[PDB]
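J.: This is the structure I have questions about; it appears just below.
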Amino acid sequence: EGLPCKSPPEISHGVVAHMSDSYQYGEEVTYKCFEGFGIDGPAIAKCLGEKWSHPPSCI
């Protein structure tokens with residue numbers, strides 16, 4: 001079936017607040033932007049096997 005997810009990548013001029021060690025399948029993360037970047041969209045991502053879903057717009 002797979003693929004299982006591993007550590008989520010970095011995001012557009014942002015970081016993660018919930019940096020865990022075990023990411024498999026059916027998980028979400030907190031794709032937050034930094035200070036000096038205006039955020040548009042949600043601020044989270046989801047695990048889609050090997051890739052992640054919804055990246056934010058930190059404009």
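Chain lettering (A, B, ...) mirrors the order of the structure tokens, residue numbering begins at 1 for each chain separately, and ligand numbering begins at 1 in order of display.
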Give the strand (DSSP E) residues of chain A, as assigned by DSSP on the backbone, as a ChimeraX atom specification.
T.: /A:14-16,28-29,31-33,39-40,45-48,51-53,57-58
J.: Please write the residues from the selection above to a file, keeping N, CA and C atoms, as a compact mmCIF listing (two decimals), in the first residue's frame.
T.:
```txt
# COMPACT_ATOMS: atom_id res chain seq x y z
N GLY A 14 8.21 29.92 6.52
CA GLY A 14 7.55 29.46 7.77
C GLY A 14 8.31 28.33 8.45
N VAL A 15 7.71 27.87 9.50
CA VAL A 15 8.26 26.77 10.33
C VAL A 15 7.08 25.93 10.84
N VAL A 16 7.47 24.96 11.62
CA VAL A 16 6.51 24.03 12.24
C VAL A 16 6.65 24.28 13.75
N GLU A 28 -1.60 15.44 10.77
CA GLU A 28 -1.64 16.87 10.33
C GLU A 28 -0.47 17.59 11.02
N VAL A 29 -0.08 18.71 10.48
CA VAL A 29 1.06 19.50 11.07
C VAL A 29 0.65 20.97 11.12
N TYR A 31 1.82 24.26 9.89
CA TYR A 31 2.59 25.06 8.89
C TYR A 31 2.26 26.53 9.18
N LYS A 32 3.05 27.10 10.06
CA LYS A 32 2.86 28.52 10.49
C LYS A 32 3.91 29.39 9.78
N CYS A 33 3.59 30.64 9.54
CA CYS A 33 4.57 31.55 8.85
C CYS A 33 5.36 32.30 9.93
N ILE A 39 0.16 36.20 6.33
CA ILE A 39 -0.37 34.86 6.01
C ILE A 39 -1.77 34.92 5.39
N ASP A 40 -1.90 34.08 4.41
CA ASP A 40 -3.15 33.92 3.63
C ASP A 40 -3.35 32.40 3.56
N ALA A 45 -0.88 21.53 7.35
CA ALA A 45 -0.64 20.59 6.21
C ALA A 45 -1.10 19.19 6.64
N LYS A 46 -1.24 18.30 5.70
CA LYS A 46 -1.68 16.90 6.02
C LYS A 46 -0.73 15.86 5.39
N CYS A 47 -0.71 14.65 5.89
CA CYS A 47 0.20 13.61 5.29
C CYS A 47 -0.53 12.80 4.21
N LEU A 48 0.06 12.83 3.04
CA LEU A 48 -0.48 12.10 1.86
C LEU A 48 0.58 11.10 1.41
N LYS A 51 4.15 12.61 0.29
CA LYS A 51 4.18 14.10 0.19
C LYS A 51 3.23 14.66 1.24
N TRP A 52 3.26 15.96 1.37
CA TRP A 52 2.36 16.62 2.37
C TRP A 52 1.34 17.42 1.56
N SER A 53 0.23 17.72 2.19
CA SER A 53 -0.88 18.49 1.54
C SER A 53 -0.96 19.92 2.09
N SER A 57 0.21 30.28 2.15
CA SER A 57 0.62 31.40 1.29
C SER A 57 1.10 32.45 2.28
N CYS A 58 2.40 32.50 2.45
CA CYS A 58 3.01 33.48 3.40
C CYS A 58 3.56 34.62 2.53
```
J.: Can you tell me which residues surround residue A:3 at a distance of at most 9 Å, considering only C-alpha atoms, apart from same-chain residues fewer than 5 positions away, and format the answer as a PyMOL selection string?
T.: chain A and resi 24-25+48-50
